[PDB]
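One structure is given below, encoded as C-alpha cells.
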Amino acid sequence: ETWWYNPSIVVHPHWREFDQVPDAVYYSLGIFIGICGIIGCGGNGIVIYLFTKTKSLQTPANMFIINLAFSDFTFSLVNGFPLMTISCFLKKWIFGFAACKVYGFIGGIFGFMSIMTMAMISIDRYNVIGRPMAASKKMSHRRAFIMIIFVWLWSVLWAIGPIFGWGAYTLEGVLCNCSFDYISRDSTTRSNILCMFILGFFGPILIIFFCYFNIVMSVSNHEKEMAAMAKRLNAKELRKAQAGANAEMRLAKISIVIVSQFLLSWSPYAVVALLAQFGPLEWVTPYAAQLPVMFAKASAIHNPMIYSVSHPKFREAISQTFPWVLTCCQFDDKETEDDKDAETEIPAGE
Ligand SMILES: *C/C=C(C)/C=C/C=C(C)/C=C/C1=C(C)CCCC1(C)C
Ligand SMILES: CCCCCCCCO[C@@H]1O[C@H](CO)[C@@H](O)[C@H](O)[C@H]1O
C-alpha cells in the first residue's frame, strides 16, 4: 500500500507524498555513512588516544581537542553504523521510535558540542594570541575543566527539547535516519527550532568571530609590541618568544580551518531545514534534505585528517605510533623546531 510506512514511527505526510528513491541510492547512502563511521571513529579514536597519552600534547587547552574528538567519535558511531547503514540496506529504520529519538538527540547534542568546544578553543586562542604578549594567558586545568562542563550542559540543554515535547526528533528524507522535525510549524516546534539555531548555532559562532576577529584586530597590536620589546635589550633570546607566537599562531589557524569545515558542512542542511519551516516546503525534496544531511554528518570525520596534515606535535606522535597514516603526509623533524625554541628556556641571559 505504501513504500514508506513505519510501524514504529509516524512519517510526516510531507515525506510521504514522494516516490521511493532507487535501491542504488539507498545502498550508496548506507555505504557512505558507514564509511563516515569507520573514518570518524578511527580518526577521532586516534586523536583521543595520542592526545591523552602523548607527553608533548599534555597542556590544558588540548583537553578541548580531546572533547571535540569524543564528540565527533560518538557522532560518527551513532549516526553511521549500524542505525543508519542497516536502515538503508533494508530501506527502512527498523530500530523503532526510541532508537530514533536517541539517534536524533545524539546527533544534535554532539553537533552543538563540536562548535561550542571550538568556541572554547577560540577563547584559549584569544588569551594566548588575541591579547598583548604582556597579558598573554595560558589555559589552566581548572578553567578548561569548567569550560567543558559548560559545553556539556549547553549541548544537552539545546538538544534535549524534543525529548520532552518541545520539538521532536523523527525521520527525514528517505526515512532511514533521524533528525529534528523542521517541517511542522506550530508554536512549540518553531520555538525549539529558533532556539536550536540561535542558541545552539549562532551562539558559539559569535564567540568564535568575536575571538578570531579579536585576534586579527591585534595582529598589529602585537606587530608593534614585538618590536618595542625586541629592541628592549632583548638578546638573541628574542627568537625564542618569536617561535612561540608562530607555534601558537599555527594552532590558531588550525582552529579556524576546523571551524570553517564545520560551518561549510552544516550550513547547507541548516538552510534546507529553515526553508521547510519558513519557506517553500515544496523545495525540501527527498534529495533536497538527504544529500545535504550526509554532507553534514560527515563533518564529524574531518578534524582528525586536518590535524594530520597541519599539527606538528600531533604529526610527530603519529609517526612514532601509527606512522602508516603519515605515508602520503611524510613526517620530519623540522616541523617541530618552532616548538623546540619556544620552550628551550635561556638560563639568565644564557
Ligand atoms: C543526521 C544528523 C542529524 C539529523 C543531526 C542533527 C543535528 C542538529 C539538530 C544540529 C543542529 C545545528 C548545528 C549543530 C549547527 C548548524 C545549525 C543547526 C541548528 C541545524
Ligand atoms: C587546534 C586547536 C587549537 C588547540 C590549541 C592547543 C593549545 C596547545 O597550544 C600549546 O600550548 C602549550 C603551552 O602549555 C605550548 O607549549 C604548545 O606548543 C602549544 O602547541
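All residue numbers given for chain A refer to Swiss-Prot; the residues shown span 9-358 in order.
Quick check of the header: X-ray crystallography, 2.8 Å.
A Cβ is built for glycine as well, from the same backbone N, Cα and C atoms used for every other residue.
Among the features that Swiss-Prot reports, transmembrane segment is placed at 34-58 (among others), with the record citing experimental evidence.
Per Swiss-Prot, the feature topological domain 'Cytoplasmic' maps to 59-70 (among others); the stated evidence is experimental evidence. Helix, strand and coil counts from DSSP across the topological domain 'Cytoplasmic' (59-70) read 4 helix, 0 strand, 8 coil.
The transmembrane segment annotation in Swiss-Prot covers 71-97 (among others) and rests on experimental evidence.
Only residues 6 or more beyond the boundaries of the topological domain 'Extracellular' (98-109), in the same chain, are considered here, and those with a CB under 8 A from a CB of the stretch are 11, 14, 16-17, 28, 31, 34, 91, 170-171, 177-179, 182-186. Residues or ranges marked as topological domain 'Extracellular' in Swiss-Prot (evidence: experimental evidence): 98-109 (among others).
Annotated transmembrane segment per Swiss-Prot: 110-131 (among others), in sequence order, evidence recorded as experimental evidence.
Remote same-chain residues near the topological domain 'Cytoplasmic' (132-151) are listed as 67-69, 71-72, 219-220, 222-223, 226, 229-230, 233-234, 237, 249, 253, 256-257, 259-260, 263 (criterion: CB distance under 8 Å, separation of at least six residues from the stretch ends). Among the features that Swiss-Prot reports, topological domain 'Cytoplasmic' is placed at 132-151 (among others), with the record citing experimental evidence.
The feature transmembrane segment is assigned by Swiss-Prot to 152-172 (among others), with experimental evidence given as support.
The topological domain 'Extracellular' feature in Swiss-Prot is assigned to 173-199 (among others). Outside the topological domain 'Extracellular' (173-199), and at least 6 residues removed from its termini, the chain residues within Cβ reach (under 8 Å) are 12, 14, 17-20, 22-23, 28-29, 33-34, 37-38, 41, 87, 91-92, 95-96, 99-101, 107-109, 111-113, 115-116, 281-282, 284-285, 289, 292, 294-295, 297-298, 301.
Residues or ranges marked as transmembrane segment by Swiss-Prot: 200-224 (among others).
Under DSSP, the residues of the topological domain 'Cytoplasmic' (225-261) split into helix, strand and coil as follows: 28 helix, 0 strand, 9 coil. According to Swiss-Prot, the topological domain 'Cytoplasmic' annotation covers 225-261 (among others).
Per Swiss-Prot, the feature transmembrane segment maps to 262-283 (among others).
Per DSSP, the topological domain 'Extracellular' (284-293) is made up of 3 helix, 0 strand, 7 coil. The feature topological domain 'Extracellular' is assigned by Swiss-Prot to 284-293 (among others).
Swiss-Prot lists 294-315 (among others) with the feature transmembrane segment, giving experimental evidence as the kind of evidence. Residues 23, 26, 29, 37, 40-41, 44, 47-48, 50-52, 54-55, 76-77, 79-81, 83-84, 87-88, 115, 118-119, 122, 180-182, 185, 187, 262, 265-266, 269-270, 273-274, 276-277, 279-280, 284, 322-323 of the same chain lie 6+ residues outside the transmembrane segment (294-315) yet bring a C-beta within less than 8 angstroms of a C-beta in it.
Under DSSP, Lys305 (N6-(retinylidene)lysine) is assigned to a helix (H, G or I) in the three-state scheme. According to Swiss-Prot, the feature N6-(retinylidene)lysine maps to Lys305, an assignment based on experimental evidence.
Under the heading S-palmitoyl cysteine, Swiss-Prot lists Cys336 (among others). Using a 10 Å Cβ-Cβ cutoff, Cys336 (S-palmitoyl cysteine) registers 7 neighbours.
There are 13 other Cβ atoms within 10 Å of the Cβ belonging to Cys337 (S-palmitoyl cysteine). The S-palmitoyl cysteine annotation in Swiss-Prot covers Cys337 (among others) and rests on experimental evidence.
The recorded positions near ligand 1, defined by a Cβ under 6 Å from one of its atoms, are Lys305, chosen from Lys305, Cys336, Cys337.
Residues in the topological domain 'Extracellular' (98-109) partition by DSSP class (helix H, G, I; strand E, B; coil) as 7 helix, 0 strand, 5 coil. Long-range contacts of the transmembrane segment (152-172) within its own chain (CB-CB distance under 8 A, at least 6 residues past either end) are made by residues 68-69, 71-72, 75, 109, 112-113, 116-118, 120-121, 124-125, 128, 131, 188-189, 200, 203-204, 207-208. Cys336 (S-palmitoyl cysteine) sits 26 Å from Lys305 (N6-(retinylidene)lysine), taking the CA atoms of both as reference points.
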